[PDB]
Number of protein chains: 2
Amino acid sequence: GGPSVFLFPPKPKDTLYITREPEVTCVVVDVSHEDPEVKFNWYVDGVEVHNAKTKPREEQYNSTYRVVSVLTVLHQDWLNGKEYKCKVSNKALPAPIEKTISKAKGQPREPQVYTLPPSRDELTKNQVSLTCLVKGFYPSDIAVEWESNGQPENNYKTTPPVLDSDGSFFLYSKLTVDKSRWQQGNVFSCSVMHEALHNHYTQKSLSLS
Amino acid sequence: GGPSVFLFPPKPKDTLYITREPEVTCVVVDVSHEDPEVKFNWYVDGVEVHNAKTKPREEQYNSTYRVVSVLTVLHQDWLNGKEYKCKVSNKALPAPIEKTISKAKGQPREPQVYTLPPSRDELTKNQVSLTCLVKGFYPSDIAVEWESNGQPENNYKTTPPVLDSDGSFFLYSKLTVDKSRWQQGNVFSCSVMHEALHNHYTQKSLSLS
Ligand SMILES: *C1O[C@H](CO[C@H]2O[C@@H](C)[C@@H](O)[C@@H](O)[C@@H]2O)[C@@H](O[C@@H]2O[C@H](CO)[C@@H](O[C@@H]3O[C@H](CO[C@H]4O[C@H](CO)[C@@H](O)[C@H](O)[C@@H]4O[C@@H]4O[C@H](CO)[C@@H](O)[C@H](O)[C@H]4NC(C)=O)[C@@H](O)[C@H](O[C@H]4O[C@H](CO)[C@@H](O)[C@H](O)[C@@H]4O[C@@H]4O[C@H](CO)[C@@H](O)[C@H](O)[C@H]4NC(C)=O)[C@@H]3O)[C@H](O)[C@H]2NC(C)=O)[C@H](O)[C@H]1NC(C)=O
Ligand SMILES: *[C@@H]1O[C@H](CO[C@H]2O[C@@H](C)[C@@H](O)[C@@H](O)[C@@H]2O)[C@@H](O[C@@H]2O[C@H](CO)[C@@H](O[C@@H]3O[C@H](CO[C@H]4O[C@H](CO)[C@@H](O)[C@H](O)[C@@H]4O[C@@H]4O[C@H](CO)[C@@H](O)[C@H](O)[C@H]4NC(C)=O)[C@@H](O)[C@H](O[C@H]4O[C@H](CO)[C@@H](O)[C@H](O)[C@@H]4O[C@@H]4O[C@H](CO)[C@@H](O)[C@H](O)[C@H]4NC(C)=O)[C@@H]3O)[C@H](O)[C@H]2NC(C)=O)[C@H](O)[C@H]1NC(C)=O
């Protein structure tokens, strides 16, 4: 009936490098037409901070508006698991709605990255699958990417993290390339970005034998 | 605002074998403690059916009833894409609630199935990963299982299906085995069940080269 809040974490990549600007994000939907005024409050471990940046209002094709507030956060505060609260206010609610979010708790575990060449079966096609396996990792927050000769590779998909029997995580990422490119010996690389890696980064390479 | 409905599909495995019994399950929750009486109507392609089988009272701990109706479906009807609709009637609600479920539309596409041995770099550990790449398949309904010397294998996990770039789906399945088992030359088998496979079934195997 009333407005509903939704609280998102920052991207895996953004928390792992000073280069990047990680953010938590409070999205309110079903903001009433008659009362449009939404007030956001942000707290780190209960202690209020103030740098949230409320953004305009995106009117939705169902009568209601959508108000998004973005809190910037320090890399190490998220990595150290500090707790982030969004309190949202509006006259279409009797009480203010709150949401709290934080990194998954627990000893981080270093991912193990193994690359696997195409199956002999598959070498009968005009495209081949280069596979990257990332297992053993915790928390589930990770980024994976591909490249050749310094250049980002376009055509890959990566599975979501899957919970493994030992409570750690794994995924597979698939890069699709022209068989010729594989046949001609070009070197392809799997880039994995996780908290528990040295410099939050590792890169594993694969090429024709 | 009172009761809510959820409509779950049959299990992929269940629709592909006469041997199995696929069902569609309508679940109504949050039922007014005052008035306990929910009335189910079922429809197959608009046309009412009556072989539905409704159960009694699963009042979960909250002070509200849960009622489950199960419609037994014919294997061919599901694969032909027949629509199943659950109407839940109640004096609390003004209009009765409707939910519909079916097999995703599109032209079905045959999965290619490829087994990938453990990376050279993994073989230093005591447990190793046998990988099964299933790709090129539509719709996303599929099942994957492992076995060796005719016996279901214990320790695998399968990623959810992932929408690939050509609108087909792919997944990977990982079977973990002790290194020895792999080194003794044991054959291991990925088995995939999908509507677009011949006899709804293919098996692809894997051993030490
Ligand atoms: C009293 O409690 C009730 C439940 O018992 C609770 O007891 C307490 C003590 C505690 O133990 C709790 O943990 C217990 O849950 C409350 O009822 C619950 O209500 C919530 C929602 O408020 C229901 O949530 C839905 O759940 C489904 C998934 O349900 C499966 O898994 C559940 C466990 O994870 C299980 O409980 C269910 O039984 C069910 O199991 C399946 O059962 C079928 C048939 O029996 C089997 O064939 C399956 O194998 C089996 N699955 C397996 C395995 O578990 C979830 O999918 C629903 O999500 C949809 O809806 C959301 C909105 O409601 C939406 O946000 C989601 O995106 C999603 O919507 C759909 O998403 C896809 C996208 O592709 C599309 O299908 C649609 O586009 C989209 N549809 C839309 C728009 O809706 C949903 O979250 C919960 O299941 C239910 N519990 C039971 C039991 O049924 C009750 O509210 C409470 N009372 C009060 C007053 O508070
Ligand atoms: C009027 O329009 C509104 C918006 O526009 C609509 O336009 C129409 C034309 C059509 O296009 C629609 O499809 C559009 O939605 C509607 O608003 C919607 O309201 C619903 C709630 O009813 C929202 O549903 C929730 O979605 C979140 C996930 O949101 C992300 O993913 C969406 C795609 O799947 C995406 O569209 C969203 O924008 C959002 O994207 C993310 O954004 C962040 C921040 O910017 C980015 O940084 C991310 O990268 C980006 N993600 C990417 C990438 O996809 C989902 O999480 C919610 O599920 C939770 O809550 C359910 C009930 O509230 C519950 O049933 C679920 O089980 C689930 O509950 C949580 O489960 C997690 C699991 O781990 C736990 O962590 C929690 O414990 C648990 N939480 C609790 C307490 O329940 C939910 O599905 C929808 O997002 C929103 N649309 C957008 C967009 O904002 C409005 O409904 C519509 N009215 C109608 C009906 O006409």
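Looking at the method and resolution fields of the entry, one finds X-ray crystallography and 2.500 Å.

(A) Looking closely at the nonpolar core. Residue and element names in this part refer to chain A. By size, the foremost hydrophobic cluster in this structure holds 26 residues, and its most contacted members are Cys26, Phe40, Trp42, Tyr84, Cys86 and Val88. Of all the elements in the fold, those that place two or more residues in this core are β1 (4–8), β2 (23–31), β3 (39–44), β6 (65–72), α2 (75–79), β7 (84–89) and β8 (97–101). When residues of this core are assigned to their parent elements, the largest contribution, 4 residues, is made by β2. With near-sequence residues (within four places) excluded, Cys86 lies in contact with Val5, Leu7, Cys26, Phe40, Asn41, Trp42, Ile97, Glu98 and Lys99.

(B) Layout of the sheet that holds β3 of chain A. Residue and element names in this part refer to chain A. Ordered in space as β4-β3-β7-β8, the 4 strands form an open sheet in which the pairing is antiparallel. Each edge of the open sheet carries a strand with a single partner, namely β4 (47–49) and β8. When strand polarity is set aside, the average angle formed by the axes of neighbouring strands in this sheet is 30°. Pairing analysis gives 5 bridges linking β7 to β8, with the strands arranged antiparallel. Looking at β8, one finds that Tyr84 is bridged to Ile101.

(C) Just the sheet that holds strand β8 (residues 97–101) of chain B, in detail. Residues and elements named next belong to chain B. Judged by pairing direction, the sheet is antiparallel, and its 4 strands sit side by side in the order β4-β3-β7-β8 without closing on themselves. Of all the strands in the sheet, just β4 (47–49) and β8 have a single pairing partner and so form its edges. Looking at each pair of strands side by side, their axes are set apart by 30° on average, direction ignored.

(D) The domain arrangement of chain A, seen in detail. All names here are of chain A. Here the domain parsing of chain A yields domain 1 (3–102) and domain 2 (103–208). Taking only C-alpha atoms, the centre of domain 1 and the centre of domain 2 are 32 Å apart. With 8 residues of domain 1 at the contact, the number on the domain 2 side is 13 residues. A per-residue breakdown of the area domain 1 buries against domain 2 is headed by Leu16, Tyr17 and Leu79, which together make up 48% of the total. Across the contact surface, domain 1 and domain 2 share 1 salt bridge. Between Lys13 and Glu145 there is a salt bridge, with the nearest N and O atoms lying 2.7 Å from each other. Seen at the junction of domain 1 and domain 2, the total is 4 residue pairs in polar contact. Contributing elements (two or more residues each) for the side of domain 1 that touches domain 2: α1 (12–15) and α2. Residue composition of the side of domain 1 that touches domain 2, by class: 5 nonpolar, 2 polar and 1 charged.

Reading guide: rules and limits
- Residues numbered from 1 in each chain as written, not as in the entry; some residues may be left out.
- Chains lettered and ligands numbered in written order.
- Heavy atoms only, no water.
- Core = buried A, V, L, I, M, F, W, Y, C linked by side-chain atoms within 4.5 Å.
- Buried < 20%, exposed > 50% of the residue type's maximum accessible area, 1.4 Å probe, protein only.
- Helix = DSSP H or I, 4+ residues; strand = E, 2+ residues; numbered from the N terminus.
- Contact = heavy atoms within 4.5 Å.
- Pairing = 2+ DSSP bridges.
- Axes fitted to C-alpha atoms, helices over the stretch in contact; angles between N-to-C directions.
- Domains from an automatic or database assignment.
- Buried area = accessible area lost by both parts, 1.4 Å probe.
- Salt bridge = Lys/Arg side-chain N within 4 Å of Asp/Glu carboxyl O.
- Polar contact = N/O pair within 3.5 Å; in protein donor to acceptor, adjacent residues only side chain to side chain.
- Nonpolar A, V, L, I, M, F, W, Y, C, P; charged D, E, K, R; others polar.

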